[PDB]
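Structure first, commentary second.
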Protein chains: 2
Amino acid sequence: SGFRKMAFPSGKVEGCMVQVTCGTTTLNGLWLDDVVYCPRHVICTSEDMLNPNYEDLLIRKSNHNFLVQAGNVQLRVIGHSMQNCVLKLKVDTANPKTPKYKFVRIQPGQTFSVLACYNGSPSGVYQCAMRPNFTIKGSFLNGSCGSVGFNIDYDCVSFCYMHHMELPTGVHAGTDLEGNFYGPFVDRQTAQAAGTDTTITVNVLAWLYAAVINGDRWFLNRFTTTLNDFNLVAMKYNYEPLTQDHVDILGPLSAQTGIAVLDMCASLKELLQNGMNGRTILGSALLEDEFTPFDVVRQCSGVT
Amino acid sequence: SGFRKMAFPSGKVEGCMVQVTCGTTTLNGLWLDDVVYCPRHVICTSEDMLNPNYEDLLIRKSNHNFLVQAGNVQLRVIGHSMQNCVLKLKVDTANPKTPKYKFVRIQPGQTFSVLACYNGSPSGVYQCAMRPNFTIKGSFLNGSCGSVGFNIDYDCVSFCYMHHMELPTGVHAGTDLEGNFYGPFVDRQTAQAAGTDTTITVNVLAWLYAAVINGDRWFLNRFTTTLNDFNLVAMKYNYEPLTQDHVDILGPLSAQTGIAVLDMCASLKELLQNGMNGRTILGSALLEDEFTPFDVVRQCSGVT
Ligand SMILES: C[C@@H](C(=O)O)c1ccc2c(c1)[nH]c1ccc(Cl)cc12
Ligand SMILES: C[C@@H](C(=O)O)c1ccc2c(c1)[nH]c1ccc(Cl)cc12
């Protein structure tokens, strides 16, 4: 028993982190097969970031200007190309530690682990969720760009995120591994305000099921609701509308606990309207939304 | 910016996890050099756990009864010995992935990362603290015994914890890598109630400094206090007494922010007496105590 905000083991991704330096800028790259992927803003100075013309800036760069270091050994760059907001540097050596991998573009509400790195060296790992406004609330200092987000299914790493920017409000923005930003963000140092950070309702419900499984049951009540009634309260509290697809995804947790999804929605409705009253659920004083239903099943069953 | 509950990258420890089976019991072992370390209760059935005589149970075990598997390859056991509550199985092959390591016995209030494993396979990584009552609040299912806790200093892994038991109240107990339990716990399935789970004051203060550094400043007030006055409030709220040693440890964070330690204690005193009033600090609605001052400095400076 016990329920923790757990990240995937990071070893398979640690084996892929490299340092990329272009001029005076150093950030992280991801080395998979004979390609190194990194944010294209490695070619910018902080001055360039105000209004960068990436195609023009890239014309002044040759393969030998991209310094790629894996541990203490230098990799030879034999080609480079820009794909959306990522640079791909072709190297002459395939990464011997390349795991089985895929590039996936995640949906808002989905979770993933981040291996925060500096100078191609891993510093820490934590579990994130793609917010409904397409930002992530991470822990990224200068030099962390190029750190990646991923999920692991047995031995295959699905890379879903690469860190690019910190918005003026301290939230983070980045791309998938094809270089397309999540949300409306751009790799320019300009006013980029995020939209409403709504709560991922289906994840809060999954976490309430984890709480019931792990013994925390005080919030269970004698009520039920309907999707439409629940959604009237969800709107008021900036929660994402719950759909029948979300109810279906929560089916296995409902079956395991014997608590109908709409009964759990009624517990959540009361928690929203009445608050916690100074109580906690799974060691939290707020309703946690960075565990998907799949995460709850995985952690509660011990998937390796 | 941003502050997350971050675990150390787990790759160096993933390379050490093996599966140990004795009879019908399977748990995890830690393979370092030519020794595999695992909980001695791998020799017990659930029936034996009620009143186990470990020395007597161990007489019926020979080297060939301990099945050690590293991935899909079997390790040959050439010796075994019991050291306190851990079994050490000497194998004929040194682990080629053995990192630089130390065994350390941590103090209550110290944090570490846990690589939760099942059948010698890593499932997830999370950050824990040794509670003042010598329990940990982890995420451990049946089969997780032998999963380890550690800290990493550049390239050296300091192993500090091995999981052994889940107390009847859902909290966890375990040993250091010499097999000595933290706290008064024993490896017997019996009534083992934990003492008061007090809050680690120095860690809450470190986390309030992290909040100030990362922009969350609403809780800063116009007051100061003394250690003795603060400790009168700490006692009332089941917080650990703050010592001059704790004040000294917070010195670097006080210097960086310009907030005197006792001024931060006065902010904490007001937070204890008045509550959060529905507000959050670093995305939390409670006062977080599983970041040490060293963790805050490390994460806020990007140590790899
Ligand atoms: C950066 C990477 C990529 O775009 O995948 C890359 C970049 C350049 C090349 C590449 C892969 N393969 C080549 C084969 C022939 C020639 Cl003339 C150039 C290239
Ligand atoms: C389990 C491990 C340990 O106690 O470290 C171990 C266990 C048994 C032996 C060992 C290390 N080295 C030996 C050298 C000679 C003989 Cl006769 C036995 C052993």
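Below, each value reflects all heavy atoms present in this structure, side chains not excepted, and no hydrogens, waters or symmetry copies. Here is how names work: the chains are called A, B, and so on, in the same order as the sequence lines, proteins then strands, and each is numbered from 1.
- Contacts between A:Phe3 and chain B at a heavy-atom distance below 4.5 Å involve the backbone alone (N, CA, C, O).
- Crowding of A:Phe294 atom CZ: a count of heavy atoms from other residues, nucleotides or ligands under 6.0 Å not exceeding 12.
- Considering only heavy atoms from C-beta on, A:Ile281 comes within 4.5 Å of A:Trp218 through its side chain.
- Within a 6.0 Å radius of CG in A:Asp153, other residues, nucleotides and ligands contribute 12 heavy atoms or fewer.
- The closest side-chain donor-acceptor pair between A:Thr111 and A:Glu290, if any, does not fall under 3.5 angstrom.
- Comparing A:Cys128, A:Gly138, A:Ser113 by heavy-atom pairs within less than 4.5 Å of chain B, the highest count is held by A:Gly138.
- Annotation: maximal heavy-atom pairing with chain A below 4.5 Å, among B:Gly143, B:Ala285, B:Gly275, occurs at B:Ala285.
- Only the backbone of A:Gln127 comes within less than 4.5 Å of a heavy atom in chain B; its side chain stays farther off.
- Taking the six-membered ring wherever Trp is involved, the centroid distance between the rings of B:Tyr161 and B:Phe112 falls below 6.0 Å.
- Of the listed residues A:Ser139, A:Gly2, A:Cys117, the one with more heavy-atom pairs under 4.5 angstrom with chain B than any other is A:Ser139.
- Geometrically, A:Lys5 engages A:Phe291 in a cation-pi contact, judged by NZ or CZ lying under 6.0 Å from the ring centre and within 45° of the ring axis.
- Only the side chain of A:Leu115 comes within less than 4.5 Å of a heavy atom of chain B; its backbone N, CA, C and O stay farther away.
- Residues B:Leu286 and B:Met276 share a closest heavy-atom pair of N-CE, 4.4 Å.
- Interface residue A:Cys300: only backbone heavy atoms are found under 4.5 Å from chain B.
- Looking at A:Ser301, only its backbone comes within 4.5 Å of chain B, counting heavy atoms on both sides.
- The greatest number of non-hydrogen atom pairs below 4.5 Å with chain B, out of A:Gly278, A:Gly170, A:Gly124, A:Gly15, is found for A:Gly124.
- Counting heavy-atom pairs closer than 4.5 Å to chain A, the top residue among B:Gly215, B:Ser144, B:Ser123 is B:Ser123.
- Interface residue A:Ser284: only backbone heavy atoms are found under 4.5 Å from chain B.
- The neighbour count for B:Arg279 CZ, taken as heavy atoms of other residues, nucleotides or ligands under 6.0 Å away, is above 12.
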